[PDB]
């Protein structure tokens, strides 16, 4: 399967017209989160492609690791990786891993959806986070999402994440059997 990793922007009301970008320090008291959250595209509920495997506060931000598990999405993305000139137009020519490159380029942003900070003052009643989205627009923080077949390879691409932080992150990513997760709701047009 495919793993995704990166630092998140923390966003409340991601779809709404008033976009709030939270400071990490407002939500770190509610991390880590090791239970799976949906991974969608641009905060659209019907575009679930995978599940988060961990959200962790690290020295230099909030790091998310996840798996892309939708077979319909994986088949579509692989076919585009090998056959779509459009998908490959903004990628360097003739990459060895076109699928990884196309996802890295077209979906570079990871946004973590949170409740309003009004609710983070004192003590929230229900879950603080709702999902993570793969995003093309709205990126504030630096660094970009990395996609790979090997979770350890993905996390090790981030120099700002230490070997100690990487090991803590990977403890939870490997313990899960991706086959055990429910099938995301993404449907391919084809």
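The term rigid core refers to the maximal set of C-alpha atoms that superpose within 1.5 Å between the two forms. Numbering follows the first chain given and starts at 1.
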| item | value |
| --- | --- |
| RMS Cα shift after core superposition in 6 other deposited structures of this protein, winner of 138-146 and 63-71 | 138-146 |
| Between 121-129 and 47-55, larger RMS Cα displacement in 6 other deposited structures of this protein after core fit | 121-129 |
| Per the entry, higher mean C-alpha B factor between 160-168 and 31-39 | 160-168 |
| Higher-B stretch (mean Cα B-factor, as the entry records it), 129-137 or 146-154 | 146-154 |
| Residue with highest C-alpha B-factor in the PDB entry, from 97, 82, 75, 119 | 119 |
| Within-chain third of residue 67 by Cα B-factor, per the entry | lowest |
| Within-chain third of residue 58 by Cα B-factor, per the entry | highest |
| Chain-relative CA temperature factor third for residue 45 | middle |
